[PDB]
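Asks: Take a look at the following structure, please.
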Amino acid sequence: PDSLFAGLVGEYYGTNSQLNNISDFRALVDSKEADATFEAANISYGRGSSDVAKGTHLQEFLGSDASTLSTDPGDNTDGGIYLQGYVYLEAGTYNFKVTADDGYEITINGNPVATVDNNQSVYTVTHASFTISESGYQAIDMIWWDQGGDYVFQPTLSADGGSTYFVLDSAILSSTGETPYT
Ligand SMILES: OC[C@H]1O[C@H](O)C[C@@H](O)[C@@H]1O
Ligand SMILES: [Ca+2]
Ligand SMILES: [Ca+2]
Ligand SMILES: [Ca+2]
Ligand SMILES: [Ca+2]
Ligand SMILES: [Ca+2]
């Protein structure tokens with residue numbers, strides 16, 4: 001049975017090799033069991049300095065969500081997160097606006113909707129719009145990583161053409177696609 005909570009299923013992975021792009025982080029995910037799991041219920045992380053994978057920086061980055069960590073990982077030079085689950089969205093047009101260091105990829109219903117396939121200092125990107133054809137829980141996954149240095153990850157979403165944006169949080173996230181009452 002899978003835990004039902006108002007969030008995405010989160011996995012953290014650290015490494016002492018360099019993460020340069022999405023494929024490097026995906027290879028890390030596929031190489032081993034997660035160094036820690038957590039519930040990603042408020043997806044607005046960072047900003048911090050001196051490497052996400054060192055010391056208590058992951059805890060600081062994840063903020064409130066860190067109370068659901070399965071373990072406190074040891075030190076690594078590089079690290080990142082893989083999130084997967086569901087997000088309630090009505091039919092319509094949407095776009096992400098993401099502040100991040102380093103890169104990331106967000107996919108909904110199997111289609112990339114926000115991608116930065118490289119390392120970067122903290123930048124905000126307003127991504128192109130996409131459509132949701134039918135209201136309900138949509139499948140979503142996210143990758144983000146830190147190659148070292150500073151780290152931040154805040155992928156906000158707009159339903160009104162970029163006039164207002166919201167964080168993905170427990171109001172609309174579901175780990176399994178069933179309605180959470182938590
Ligand atoms: O090259 C990207 C790198 O630029 C700067 O060193 C700040 C870092 O956080 C970032 O990872
Ligand atoms: Ca794995
Ligand atoms: Ca630690
Ligand atoms: Ca249908
Ligand atoms: Ca590195
Ligand atoms: Ca960084």
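Simple scheme: letters A, B, ... for chains in structure tokens order, numbers from 1 for residues in each chain, numbers from 1 for ligands in the order shown.
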Considering only C-alpha atoms and all ligand atoms, give me a table of residues in chain A that are at most 12 Å from ligand 1, with the closest atom pair and distance in Å for each, as CSV.
Replies:
residue,atom,partner,partner_atom_place_in_ligand_line,distance
A:18,CA,ligand 1,11 (O),10.6
A:19,CA,ligand 1,11 (O),9.6
A:20,CA,ligand 1,1 (O),9.0
A:21,CA,ligand 1,2 (C),11.1
A:46,CA,ligand 1,9 (O),11.5
A:47,CA,ligand 1,9 (O),10.0
A:48,CA,ligand 1,9 (O),9.1
A:49,CA,ligand 1,9 (O),7.4
A:50,CA,ligand 1,9 (O),8.3
A:51,CA,ligand 1,9 (O),7.7
A:52,CA,ligand 1,9 (O),9.4
A:77,CA,ligand 1,11 (O),11.3
A:78,CA,ligand 1,11 (O),9.6
A:79,CA,ligand 1,11 (O),11.1
A:80,CA,ligand 1,11 (O),11.9
A:100,CA,ligand 1,9 (O),9.3
A:101,CA,ligand 1,9 (O),5.7
A:102,CA,ligand 1,11 (O),5.2
A:103,CA,ligand 1,11 (O),8.6
A:117,CA,ligand 1,2 (C),11.9
A:118,CA,ligand 1,2 (C),8.3
A:119,CA,ligand 1,2 (C),4.7
A:120,CA,ligand 1,2 (C),4.0
A:121,CA,ligand 1,7 (C),4.3
A:122,CA,ligand 1,9 (O),7.0
A:123,CA,ligand 1,10 (C),10.2
A:144,CA,ligand 1,11 (O),11.7
A:145,CA,ligand 1,11 (O),9.0
A:146,CA,ligand 1,11 (O),6.0
A:147,CA,ligand 1,11 (O),5.2
A:148,CA,ligand 1,11 (O),5.1
A:149,CA,ligand 1,9 (O),3.8
A:150,CA,ligand 1,9 (O),3.5
A:151,CA,ligand 1,9 (O),5.7
A:152,CA,ligand 1,9 (O),8.6
A:153,CA,ligand 1,9 (O),11.6
Asks: Chain A: which residues are alpha helix (DSSP H) by DSSP, as JSON, numbers by chain?
Replies: {"A": [22, 23, 24, 25, 26, 27, 28, 29, 30, 31, 57, 58, 59, 60, 61, 62]}
Asks: Which residues, written as JSON, numbers by chain, have at least one atom at most 12 Å from stretch 169-182 of chain A, with only C-alpha atoms counted and residues fewer than 3 positions away on the same chain left out?
Replies: {"A": [1, 2, 3, 4, 5, 6, 7, 8, 9, 10, 38, 39, 40, 41, 42, 43, 44, 45, 64, 65, 83, 84, 85, 86, 87, 88, 89, 90, 136, 137, 138, 139, 140, 141, 154, 155, 156, 157, 166]}
Asks: Next, dump the selected residues to file, keeping only N, CA and C atoms, as a CSV table (one decimal), in the first residue's frame.
Replies:
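Resulting contents of out.csv:
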chain,number,residue,atom,x,y,z
A,1,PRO,N,0.8,-1.2,0.0
A,1,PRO,CA,0.0,0.0,0.0
A,1,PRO,C,0.9,1.3,0.0
A,2,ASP,N,0.4,2.3,-0.6
A,2,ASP,CA,1.2,3.6,-0.7
A,2,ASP,C,0.7,4.6,0.2
A,3,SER,N,1.6,5.4,0.8
A,3,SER,CA,1.1,6.5,1.7
A,3,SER,C,0.3,7.5,0.9
A,4,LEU,N,-0.9,7.9,1.4
A,4,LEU,CA,-1.7,9.0,0.9
A,4,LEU,C,-1.4,10.2,1.7
A,5,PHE,N,-0.8,11.3,1.0
A,5,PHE,CA,-0.6,12.5,1.7
A,5,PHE,C,-0.7,13.6,0.7
A,6,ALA,N,-0.9,14.9,1.1
A,6,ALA,CA,-1.1,16.0,0.3
A,6,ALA,C,0.3,16.6,-0.1
A,7,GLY,N,0.9,15.9,-1.1
A,7,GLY,CA,2.3,16.2,-1.5
A,7,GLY,C,2.7,15.2,-2.5
A,8,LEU,N,3.9,15.5,-3.1
A,8,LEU,CA,4.5,14.5,-4.0
A,8,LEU,C,5.5,13.6,-3.2
A,9,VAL,N,5.7,12.4,-3.7
A,9,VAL,CA,6.6,11.5,-3.2
A,9,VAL,C,8.0,12.0,-3.5
A,10,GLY,N,8.8,12.3,-2.5
A,10,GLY,CA,10.1,12.8,-2.7
A,10,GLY,C,11.3,11.9,-2.4
A,38,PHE,N,11.1,11.7,1.5
A,38,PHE,CA,10.3,12.7,2.2
A,38,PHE,C,9.0,13.0,1.5
A,39,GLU,N,8.1,13.7,2.1
A,39,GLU,CA,6.9,14.2,1.5
A,39,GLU,C,7.1,15.6,1.1
A,40,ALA,N,6.9,15.9,-0.2
A,40,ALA,CA,7.1,17.2,-0.8
A,40,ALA,C,5.7,17.9,-0.8
A,41,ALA,N,5.3,18.5,0.3
A,41,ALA,CA,4.1,19.1,0.5
A,41,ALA,C,4.1,20.7,0.3
A,42,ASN,N,5.3,21.3,0.1
A,42,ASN,CA,5.3,22.7,0.0
A,42,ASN,C,6.6,23.0,-0.8
A,43,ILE,N,6.4,23.0,-2.2
A,43,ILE,CA,7.5,22.9,-3.1
A,43,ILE,C,8.1,24.3,-3.3
A,44,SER,N,8.8,24.8,-2.3
A,44,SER,CA,9.4,26.1,-2.4
A,44,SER,C,10.6,26.0,-1.4
A,45,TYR,N,11.8,25.7,-2.0
A,45,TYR,CA,12.9,25.3,-1.3
A,45,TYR,C,14.1,26.2,-1.4
A,64,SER,N,9.9,23.1,5.9
A,64,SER,CA,8.9,22.4,6.6
A,64,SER,C,8.9,20.9,6.2
A,65,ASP,N,9.1,20.7,4.9
A,65,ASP,CA,9.0,19.3,4.4
A,65,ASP,C,10.1,18.4,5.0
A,83,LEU,N,10.9,14.1,-7.5
A,83,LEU,CA,9.5,14.2,-6.9
A,83,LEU,C,8.5,13.6,-7.9
A,84,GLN,N,7.6,12.8,-7.4
A,84,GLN,CA,6.5,12.3,-8.3
A,84,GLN,C,5.2,12.1,-7.6
A,85,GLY,N,4.1,12.4,-8.3
A,85,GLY,CA,2.8,12.2,-7.8
A,85,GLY,C,1.8,12.9,-8.7
A,86,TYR,N,0.8,13.6,-8.1
A,86,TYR,CA,-0.3,14.2,-8.8
A,86,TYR,C,-0.5,15.6,-8.3
A,87,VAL,N,-1.1,16.4,-9.2
A,87,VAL,CA,-1.5,17.8,-8.9
A,87,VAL,C,-2.9,18.0,-9.4
A,88,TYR,N,-3.8,18.6,-8.6
A,88,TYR,CA,-5.1,18.9,-9.1
A,88,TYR,C,-5.1,20.2,-9.9
A,89,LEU,N,-5.5,20.1,-11.2
A,89,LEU,CA,-5.6,21.2,-12.1
A,89,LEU,C,-6.9,21.1,-12.9
A,90,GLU,N,-7.6,22.2,-12.9
A,90,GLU,CA,-8.8,22.3,-13.8
A,90,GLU,C,-8.3,22.4,-15.3
A,136,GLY,N,-8.8,17.5,-13.2
A,136,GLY,CA,-8.6,16.4,-12.2
A,136,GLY,C,-7.2,16.4,-11.8
A,137,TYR,N,-6.8,15.3,-11.2
A,137,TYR,CA,-5.4,15.1,-10.8
A,137,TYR,C,-4.6,14.7,-12.0
A,138,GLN,N,-3.6,15.5,-12.3
A,138,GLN,CA,-2.7,15.3,-13.4
A,138,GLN,C,-1.4,14.6,-12.8
A,139,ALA,N,-0.8,13.7,-13.6
A,139,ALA,CA,0.5,13.2,-13.2
A,139,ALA,C,1.6,14.2,-13.3
A,140,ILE,N,2.5,14.3,-12.3
A,140,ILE,CA,3.6,15.3,-12.4
A,140,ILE,C,4.8,14.7,-11.8
A,141,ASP,N,6.0,15.0,-12.4
A,141,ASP,CA,7.2,14.7,-11.7
A,141,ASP,C,8.2,15.9,-11.9
A,154,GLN,N,12.1,26.9,-6.7
A,154,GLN,CA,10.7,27.3,-6.4
A,154,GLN,C,10.0,27.3,-7.8
A,155,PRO,N,9.3,26.3,-8.1
A,155,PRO,CA,8.5,26.2,-9.4
A,155,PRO,C,7.1,26.7,-9.2
A,156,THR,N,6.8,27.9,-9.5
A,156,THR,CA,5.4,28.5,-9.3
A,156,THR,C,4.6,28.3,-10.6
A,157,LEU,N,3.3,28.3,-10.5
A,157,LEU,CA,2.4,28.0,-11.6
A,157,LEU,C,1.4,29.1,-11.7
A,166,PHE,N,1.2,30.6,-8.1
A,166,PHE,CA,1.1,29.9,-6.8
A,166,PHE,C,2.2,28.8,-6.7
Asks: Residues within 9 Å of residue A:162, please, as a ChimeraX atom specification. Count only C-alpha atoms; anything in the same chain fewer than 5 positions from it doesn't count.
Replies: /A:94-97,126,157
Asks: Can you tell me which residues come within 10 Å of ligand 2 when counting only C-alpha atoms and all ligand atoms, ideally as number ranges by chain?
Replies: A: 11-13, 26-35, 82
Asks: Can you work out which one of A:108, A:142, A:98, A:116 has the shortest atom-to-atom distance to residue A:167, counting only C-alpha atoms?
Replies: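 Nearest to residue A:167: A:98.
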